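Enquirer: Curious how this folds, go ahead:
(12 chains)
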Amino acid sequence: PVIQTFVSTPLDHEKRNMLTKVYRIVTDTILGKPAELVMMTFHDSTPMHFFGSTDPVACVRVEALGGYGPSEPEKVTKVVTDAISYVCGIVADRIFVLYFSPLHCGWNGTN
Amino acid sequence: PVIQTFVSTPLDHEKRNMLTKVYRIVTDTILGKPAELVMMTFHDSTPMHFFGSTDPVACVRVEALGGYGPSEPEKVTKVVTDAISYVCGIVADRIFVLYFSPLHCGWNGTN
Amino acid sequence: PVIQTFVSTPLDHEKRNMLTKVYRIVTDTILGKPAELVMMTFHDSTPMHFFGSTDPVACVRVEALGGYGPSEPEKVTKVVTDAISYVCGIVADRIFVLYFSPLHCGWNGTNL
Amino acid sequence: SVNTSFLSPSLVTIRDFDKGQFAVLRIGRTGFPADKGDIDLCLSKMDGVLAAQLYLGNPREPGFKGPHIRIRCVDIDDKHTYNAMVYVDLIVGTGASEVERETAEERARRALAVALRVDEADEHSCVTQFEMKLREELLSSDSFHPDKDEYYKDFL
Amino acid sequence: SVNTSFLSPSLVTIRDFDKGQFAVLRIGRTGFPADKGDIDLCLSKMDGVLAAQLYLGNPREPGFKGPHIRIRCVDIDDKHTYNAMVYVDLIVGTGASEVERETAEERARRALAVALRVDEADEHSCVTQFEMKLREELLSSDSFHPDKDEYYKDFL
Amino acid sequence: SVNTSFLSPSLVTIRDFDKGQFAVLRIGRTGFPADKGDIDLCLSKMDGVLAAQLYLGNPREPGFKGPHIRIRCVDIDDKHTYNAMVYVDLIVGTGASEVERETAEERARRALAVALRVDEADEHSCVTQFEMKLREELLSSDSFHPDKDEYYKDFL
Amino acid sequence: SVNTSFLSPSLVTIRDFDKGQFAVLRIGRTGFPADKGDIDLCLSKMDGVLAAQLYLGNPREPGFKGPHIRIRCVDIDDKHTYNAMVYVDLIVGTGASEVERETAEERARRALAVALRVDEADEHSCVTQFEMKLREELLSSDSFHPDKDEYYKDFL
Amino acid sequence: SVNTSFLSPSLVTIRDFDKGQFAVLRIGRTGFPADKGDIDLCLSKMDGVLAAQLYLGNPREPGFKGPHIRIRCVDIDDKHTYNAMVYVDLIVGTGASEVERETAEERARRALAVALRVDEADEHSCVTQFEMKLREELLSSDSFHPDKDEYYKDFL
Amino acid sequence: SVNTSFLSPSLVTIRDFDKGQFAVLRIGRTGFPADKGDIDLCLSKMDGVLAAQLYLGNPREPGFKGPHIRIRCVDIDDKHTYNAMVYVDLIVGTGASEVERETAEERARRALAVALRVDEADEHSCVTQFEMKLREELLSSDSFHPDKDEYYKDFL
Amino acid sequence: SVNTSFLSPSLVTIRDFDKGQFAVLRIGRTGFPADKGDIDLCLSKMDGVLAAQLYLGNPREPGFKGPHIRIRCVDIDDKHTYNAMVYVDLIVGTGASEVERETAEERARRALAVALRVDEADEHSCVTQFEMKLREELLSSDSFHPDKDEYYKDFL
Amino acid sequence: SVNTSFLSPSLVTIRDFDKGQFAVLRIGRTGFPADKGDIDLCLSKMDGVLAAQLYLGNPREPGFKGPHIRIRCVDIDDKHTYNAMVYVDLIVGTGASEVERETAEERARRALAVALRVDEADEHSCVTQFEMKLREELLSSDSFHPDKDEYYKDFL
Amino acid sequence: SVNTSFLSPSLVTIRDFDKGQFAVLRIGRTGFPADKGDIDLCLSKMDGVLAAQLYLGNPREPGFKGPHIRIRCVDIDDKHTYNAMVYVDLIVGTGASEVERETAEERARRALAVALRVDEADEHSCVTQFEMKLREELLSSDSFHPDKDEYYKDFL
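Expert: Residues are numbered from 1 along each chain as shown, chains lettered A, B, ... in the order given. Sure, the structure comes next:
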């Protein structure tokens, strides 16, 4: 899968790596996919407006080929929002987590 | 809803705030959703090639859970294109507005 | 169609234009759409982790209104992976190519 | 870029050259002197009217046949709770049909209610109301401008 | 910071946001255009009224019971010798006994006479005179402010 | 060093401290809001009147017996073509011989025509005309100033 | 930031003030001196234990009901192949049901296997194993801290 | 990096070490001197051929079985309208079937038409055409190189 | 300058080379891990013992006949409220009579009560108490030091 | 900006992009290799030809009807004393009478004799000779260029 | 790079990562607090043992058959004169004969006398003596390290 | 300083101004395009010929009676192994005897064998061989140069 992390706060090596390790856990335990097949991109210091203020805010995009399990999105949103809050200090009600499913996914030159 | 604004031109506080108030109007009137519930990201100075030139160009990604009602996307495109043209000086024929609908959306730890 | 290029390596004028010409070829021949209507966005030096390392890695997002033909996504991945490998030096097993189809797409003020 | 002048302690003219606006700030009820927060509040509402205008069309588009939303005055009530009244003009073409005027009328009121944060404390802890005056003008006339000084007589 | 506006060549409004003052500068006798020296002289006298206020009390103290020394206008006579008339308001609470208002008036007159340098020429080479207006207001009223625009009607 | 104030959208006071001038800018015909181009056009014509003044004599010389040329108002017509009317005063000492008045009058018309670029497009693409009011004052009087505010009553 | 102390050549205490952790590094099997690679491996495992905690919950949440995953000791076996044993404590709140206790135990073991990279060579070319000790504590008690020094008696 | 040599006023050799290309620029029809624009156009067409190659495959892939597509000459007609003819070689592996040859030939033509912009005027306001020469080589041979010098004998 | 070592999560040795001090910080009651605030408090209490020493005499004076007041351990109670017990040693000469012994005791108890902020919230919101052990040593002996490690066996 | 190439040790092509010139440098008599002094000498003579052209007319003038003075080759004789033979072309319009062609020929001789410093040793201690070739061309023809490659065939 | 920790006022562990050493500094006779001078003295003696090791062989050579000189403890006597007793271990291979062992002893003892500056005031005004413990270990054993923590039992 | 020109993909002229050399690089056997490595190899062999020259004598010496040893061409065979053939000219004075001639012949070959690293892989993994052409010239003649362009006809 692919996980895009957009935060308005700055990120460094420690914070990006903590989210990386958590994202590996989320894929292996919740998503049932290998932890190494996770592509994670980070976009920090993103100008973001939400709820009438530019206070710290996050938007995490999750893309997984083949959809998600019946109960998997709720478990991902829980762990991701907990991890973003602990790592970035962003409050829970300012953390969006979006779930998409690509039509196809190419890797190593083949789909 | 989530609205990502990608522009090749630089955005300052005034331009981001003007586009911010416009998308709030779009969320409330056309989309029929609370104006405080739309998360809005901005990515200025994006290297963008389109129509054989790097002239000022914009791409806006609109993501709304539950889809869009009839006539709603055409109305959003009209307001967003007018706003981007006024704010950024980008001509209409170089403004893309893409519409998506995620499978699930997380907020405050729950979907 | 819209194509977003996310690479962990730095891109310059030469590299972006090389990928642009390839993307224009991909759209005209494989996707069967005009090459002028392709909007290409580039995002270099992106902090990216994959396969337990931060070694060079690419993620290309393809958005085409109306979906894709029967064998078109396979052909796009082949050309895009080759181009990114040549232009950026990123190995093939560290190049993702995601395909999406927006519900609607507005251009020139009209959502048609 | 923004020219501010005190005609009296509680009467201020604000001319924004870059945004092409003109607004009269007055502290009507109390007559107290206008401070920086009042001017920032007025400039904020002038910004909101520009946003509401974009909901009906791009005014910089050549051959723009309206309609226009133009701010005219911001009347601040600071006796008890911090309140503001925003006077704006809706300008439609002369040959506009009744359905076209009513449509532009309702679209403007919906956009202004969101852009001005009506009936709620906004960024500056100010509860805002607005009053809209409909106008019919010859938009193609060489003597027309959305901010003609005759439109500001009620406030100057 | 300091907003200065020419209502006419001889009539100038000066609004100091940082110091919280409003003053009218007029070249009353001759009607000559106000120059930079005239504006600096007015701002100097506005600063003096601030100092004289501290002789009565600190206006930033919460629940300040007054009295208030507020400058209103600086009328400059530049025909022959350089003269300045400083119009000031003394505001005492309405519940003050007659002795308390005479004491407040004499304390204000003494402080202003020194702060405005009336017994000699100042740094701007100006002979300064001033005139006090005694006012009584309910200082706790929500409709009261020491620089209400009503208090400037004799000069605008 | 130039103080600009909007009394109305179409009425502007411009005070040049360095060049010692006061001018009223008005968009008279249309009542349109004055923009930076209008203020630049006004400041340019104020500059031209200064150049025309030097054709008659240096006003900084001691005991300058005149004549004075003083700009009063710049009235911009922007309805169709870009036009400007420059209202200026010609102040001559009361002891002139009526022949010296017409000599100063003719000299002023010739200098103003060149300095203001009358009946041609200047750098701002403006066709300029002017009107000169003849005045008589005792230039040695302590109650005389070339820009006394009474001279600006027809335009404020 | 990180306070490292050698109690012996093969016994090191590591105090991470910023991450709020304490761990005991010991080179158990061989008794060899701990080098910077061993300390780097230890700090890496403490970082992984911090990530596994986030799979269970955010401990910075007010009124956090648990469970807690806390690292205690990293015992490095470097005799033959490079191996590490990570001793951790799982702390569930008092009164936890048998289901809550078993659910917390399995969610912990699954997250710890990924975060610590068990049975596979990690970035430091080390095969990591872990051992989990279950504890129950009244988390709202003033005498509770997830890193009480009594929890470390087995390794000090 | 890029080695440019004038064999004559109208005959230029361009060697790109970084991109690994060699190309002959000639102003064929007119024999005019090549200016920087002609050289920039040639480099742009050289860049397009590189892009068209990637549509067929990555030539840096070990054991690359082709097909190769290599620019040889850019011939510019600048007599009337600005035109360019791009001579390229299509090198397929020896023993290619008829369908493999034709498939590789059509794929190269399609990719080149876009990359060289044969349809319209390009960024340099040039109408581009190309002519493709098919070659078959044993790609794994020690005596094979895509830019062997004899491939340029028709243009030097 | 200051060498800090964690013998356990709740037992810290602090060695101040520049001030010639040694103190044992321990979180006795709760056994919680010593954080940066706890160490800063210990260094603050060590600082107060130095100040209390100067009330008795300058120790750096050659041939200092004492008495010495030397900090030994700071035991922090952070269960409910924030408290600290400061164990200090009072060292007097062997030849000191019983009158000089108690006079030194109370002179040092007075100084310690002030410098350590006894029975009140100090800079770190900590309520401090102290406990004093009296020692008799031949100060001129070559085997005497104010901070002999035997003096710390109660806390290590 | 200047592209120099060695076709042989003594044969050098010099392309000046900024000045729009092409020249062949040859050390003809001795066949010695060209050094930087030879190239600098050639560039100086190419510069002198530009100056001599300006004696006949500005070639950047639109519709320039000639005549043209174009340098072709600089042949350096360095056997004994340092000598240079400068081959230039004189291009007159095809519709020129015998008188006009002889006048342009004499004018070009006088100017080139001064600009090339044929009388004395120049800045590089080089006695300069030159040889003109008269050419007649239709200057409005689309196939004409002052430096067409055929004009250099005698030197390449 | 050098981790220094106080187990007691007179007991310090010193771990040099860059030089792969571990030494125990103790103020044995007096028990006085170790100051910066004692630690520098200990690091200087750790340097000498490293130099003496190089007199016997380069320990970084692959397949190093020894012997090893390893510092263990520096015991400082500062009661009267400034002395230090250095405890080192001489590790020879198990398969070495007696004559090989006693030769390795003499080569190391003679080298240590120069490196540690025995029986003379060194750079720190310290009279140094050393004590050597002979060990025999299979240097190819996977459970062998020249600084095994068991080699430090007598001093920790 | 070093002017490189491609006459063809496999034919390069290299002109070293500072070292006063001219060499022809050709990728003879294969016709492959000369890359930066081939050019670096050519510059290395040009250095070696210059180093072998100094073994025979300093050519900058006034009145240098030879012998000269000049590089003419480096022919690279890069088909299978990496090989190079270096063509050099040995120029002796015409007045030299056959003994002096063959002695300079043997000395040059001895020096070239070391300088060019013949029959062994060099810094660029190239096995080098050379071919020496003996020439006799009147070294004081005005028409002599060691790199006369006639000497290169076999390679251009």
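Enquirer: how deep is the residue of chain D found nearest chain K tucked in, by neighbour count?
Expert: Chain D approaches chain K most closely through residue D:123 (52.9 Å), counting by Cβ to the nearest Cβ. All C-beta spots, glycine's among them, are computed from the backbone N, C-alpha and C. Residues near residue D:123, counting by other Cβ atoms under 10 Å in any protein chain shown, number 11.
Enquirer: what do you get for residue A:4?
Expert: Residues lying near residue A:4 (other Cβ under 10 Å) number 20.
Enquirer: Which residue ranges of chain A form helices?
Expert: A:13-25, A:72-88 (DSSP state H).
Enquirer: quick one: the helices in chain D?
Expert: Under DSSP H, chain D gives helices at D:36-54, D:98-115.
Enquirer: Chain neighbours aside, what residue packs nearest to residue D:133?
Expert: Excluding the flanking residues, the one nearest residue D:133 by Cβ to Cβ, 6 or more residues apart in numbering or on different chains is residue D:89, at 5.2 Å.
Enquirer: give me every residue that touches that neighbour.
Expert: D:68, D:69, D:70, D:72, D:132, D:133, D:134, D:135, D:146, D:151 (Cβ atoms under 8 Å, 6 or more residues apart in numbering or on different chains).
Enquirer: before we move on, back to that, tell me which of the helices of chain D lies nearest to chain H.
Expert: Once these are compared by Cβ to the nearest Cβ, helix D:36-54 is nearest, at 34.0 Å.
Enquirer: so what secondary structure elements neighbour that closest one?
Expert: Secondary-structure packing of helix D:36-54 (3 or more Cβ pairs under 8 Å, 6 or more residues apart in numbering or on different chains; DSSP states H and E): helix B:13-29, helix B:72-88, strand D:11-16, strand D:21-26, strand D:68-77, strand D:83-93, helix D:98-115.
Enquirer: go with 6 Å
Expert: helix B:13-29, helix B:72-88, strand D:21-26, strand D:68-77, helix D:98-115 (3 or more Cβ pairs under 6 Å, 6 or more residues apart in numbering or on different chains; DSSP states H and E).
Enquirer: tilt between that helix and helix D:98-115?
Expert: For helix D:36-54 against helix D:98-115, the angle by axes from the mean of the first three to the mean of the last three Cα atoms, to 10 degrees is 140 degrees.
Enquirer: quick one, helix D:36-54 and helix B:13-29 angle?
Expert: Angle of helix D:36-54 versus helix B:13-29, following the same axes, to 10 degrees, is 60 degrees.
Enquirer: which parts of helix D:36-54 are buried?
Expert: In terms of neighbour count (16 or more other Cβ atoms under 10 Å in any protein chain shown), helix D:36-54 has its buried residues at D:38-39, D:41-54.
Enquirer: same question, stretch D:74-86
Expert: D:74, D:75, D:76, D:77, D:78, D:82, D:83, D:84, D:85, D:86.
Enquirer: Tell me, how many residues neighbour residue D:32?
Expert: Residues near residue D:32, counting by other Cβ under 10 Å, number 20.
Enquirer: and if you look at residue A:45?
Expert: For residue A:45, the neighbour count with other Cβ under 10 Å is 11.
Enquirer: Distance check, it against chain F.
Expert: Per Cβ to the nearest Cβ, to the nearest Å, residue A:45 is found 35 Å from chain F.
Enquirer: Looks like that residue contacts residue A:12 (just checking).
Expert: No - between residue A:45 and residue A:12 there is no contact under Cβ atoms under 6 Å: 11.2 Å.
Enquirer: interface residues of chain A facing chain G?
Expert: A:18, A:21-22, A:24-25, A:28-29, A:35, A:79, A:82-83, A:85-86 (Cβ under 6 Å from any Cβ of the partner chain).
Enquirer: Out of the residues you listed, flag the one nearest to residue K:64.
Expert: Nearest to residue K:64 among the residues of chain A next to chain G, counting by Cβ to Cβ, is residue A:21 at 39.9 Å.
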